[PDB]
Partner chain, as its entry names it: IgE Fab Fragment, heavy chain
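The chain below stands alone, shown as structure tokens; this is the form solved without the partner chain.
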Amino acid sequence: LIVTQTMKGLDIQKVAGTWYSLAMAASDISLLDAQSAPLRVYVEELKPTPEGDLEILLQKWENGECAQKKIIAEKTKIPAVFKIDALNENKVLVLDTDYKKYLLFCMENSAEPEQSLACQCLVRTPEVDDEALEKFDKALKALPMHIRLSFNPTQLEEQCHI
């Protein structure tokens, strides 16, 4: 009744650097349909703060404009799962990553989430890496997704992806 798959041995210090949202999938169309939807977030980079926590700088369409956005993902007992401030706990779990080339993550609710959830295939360079997109699918095969987006190299370079 949640997201089952996670990353064991997650060194959140080897995940740091630049990242590109190549694909995103949500359990509901409304979460990802328009540019203004809430979990239509593009990911600039991950900064692992000294003391574990992860800092995301990201891009969203908020009104009219691609706004940069800094967010703080707070480590939990489980290396792969982090927590975002706050209203009702938004948890991020890292499904999979090879650190160097791709990263699979999902965000859901601690309510819990029957059954709302956004996921993303972060990559390092602006390229269609199909061997991570294949991994994105097979980890979404295990889940209730009703929208998948994916982007090109040219949209991977603009802010909010054109």
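Only the largest set of C-alpha atoms that superpose within 1.5 Å between the two forms is called the rigid core. Positions refer to the first chain, counted from 1.
Give yes or no for this: do at least a third of the other compared entries, each modelling residues before and after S110, lack coordinates for it? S110: unmodelled in a third or more of the comparison entries.
Checking the other compared PDB entries, only those that cover the residues flanking it, does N90 lack coordinates in at least one third? No.
Can you tell me whether 91-99 has a higher mean C-alpha B factor than 33-41 in this record, or the other way round? According to the entry, 33-41 carries the higher average C-alpha B-factor.
Read off the CA B-factors in the entry, average them over 21-29 and over 7-15, and name the higher stretch. Higher mean C-alpha B-factor: 7-15.
Classify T125 as lowest, middle or highest third according to the C-alpha B-factor given in the PDB entry, relative to its own chain. According to the entry, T125 has a C-alpha B-factor in the chain's lowest third.
Record-listed C-alpha B factor of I78: chain third: CA B-factor rank for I78: middle third.
Pull the Cα B-factor of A67 out of the PDB entry and bin it into the chain's lowest, middle or highest third. Tercile = highest for this residue's CA B-factor.
Quick check for you: using the entry's CA B-factors within this chain, is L54 in the lowest, middle or highest third? Highest third, going by the recorded CA B-factors of the chain.
Third of the chain's Cα B-factor distribution that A111 belongs to, per the entry: Highest third of the chain for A111's C-alpha B-factor.
FYI, the form deposited with the partner chain bound isn't displayed, but the following is about it.
Taking 4.5 angstroms as the cut-off for heavy atoms, does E45 touch the partner chain in the deposited bound form? It does: once the partner chain is placed as it appears in the deposited bound form, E45 has a heavy atom within 4.5 Å of it.
Whether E127 contacts the partner chain in the deposited bound form should be assessed with a 4.5 Å heavy atom distance threshold; does it? Contact check for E127: yes, within 4.5 Å of the partner chain in the deposited bound form.
Decide whether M7 counts as a contact residue for the partner chain in the deposited bound form under a heavy atom distance cut-off of 4.5 Å. No - in the deposited bound form, heavy atoms of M7 and the partner chain never come within 4.5 Å of each other.
Answer yes or no: in the deposited bound form, does the partner chain come within 4.5 Å of a heavy atom in every one of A80, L95 and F136? Contact check failed for every one of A80, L95 and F136.
Partner contacts for 136-156, taking the partner chain in the deposited bound form and a 4.5 Å heavy atom cut-off: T154, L156, in sequence order.
Upon rigid core superposition, which of the listed residues (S30, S36, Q115, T125) is displaced by 2 angstroms or more at its Cα between this form and the one not shown? The one that shifts is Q115.
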